[PDB]
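First, one chain by itself in structure tokens, the form deposited in one PDB entry.
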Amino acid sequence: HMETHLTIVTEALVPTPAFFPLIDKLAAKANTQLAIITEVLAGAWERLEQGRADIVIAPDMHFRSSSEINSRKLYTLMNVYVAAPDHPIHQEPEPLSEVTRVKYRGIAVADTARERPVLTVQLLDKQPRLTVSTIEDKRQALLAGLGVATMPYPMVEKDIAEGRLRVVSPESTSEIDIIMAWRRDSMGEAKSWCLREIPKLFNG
């Protein structure tokens, strides 16, 4: 109904290309131009709170208890603690022991900058770390043997199969619920349509 602009935020763990089917359909449904922006952890939620994002696709988080924010579970994602095959972490009797983990470099994706608070990986103080902005940069660092870190399984599935990466220990494997969140204090055609279409991209 004349040109419109909707802004979807996909957190770093969420593949942006999964939302590409929406683009053509949104151009036919309305005259709506899509913006699918990437943010990291709390940065995704912050965008929603500050009213700078129509819909957020992100891991379930403590922010969700907000009264004017609706939310719905989309799918589950698996996180695996990986390292390059030749990394010494593999020869460790107790790779997840606090005494062992400090010996080896962790790799973190920043949310705004170097931020100690993280839940995916418990980086310890005095432990070496590398910090990057993108999930791809983190992958390349891991492929190059530069540290040990958690990754979304889809992004490293081929890597593990083809022996470029190796799961450090299955004990650390975690499941994260990926949720769709939005604010009820505003509504439009395009936003409503997306809220209905996005779940269809995944389960049903």
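Residues that one form lacks are left out of the comparison. In this text, residue numbers run from 1 along the sequence as written. Throughout, rigid core stands for the largest set of C-alpha atoms superposing within 1.5 Å between the two forms.
There is another form of this protein, the form deposited in another entry, and it is not shown here; the text below is about that form.
- Checking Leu74, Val118, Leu130, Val102 for C-alpha shifts of 2 Å or more between this form and the one not shown, after the rigid core is superposed, gives a single hit: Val118.
- After superposition on the rigid core, the Cα of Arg64 moves by 2 Å or more between this form and the one not shown.
- Relative to this conformation, an increase of 3 Å or more in the Cα-Cα distance between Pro152 and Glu115 is found in that other deposited form.
- Cα of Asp54 to Cα of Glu115: at least 3 Å shorter in that other deposited form than in the shown structure.
- Mapped along the sequence, displacements between this form and the one not shown of 2 angstroms or more at every C-alpha, sustained over at least 3 residues after core alignment, occur at 64-67, 112-122.
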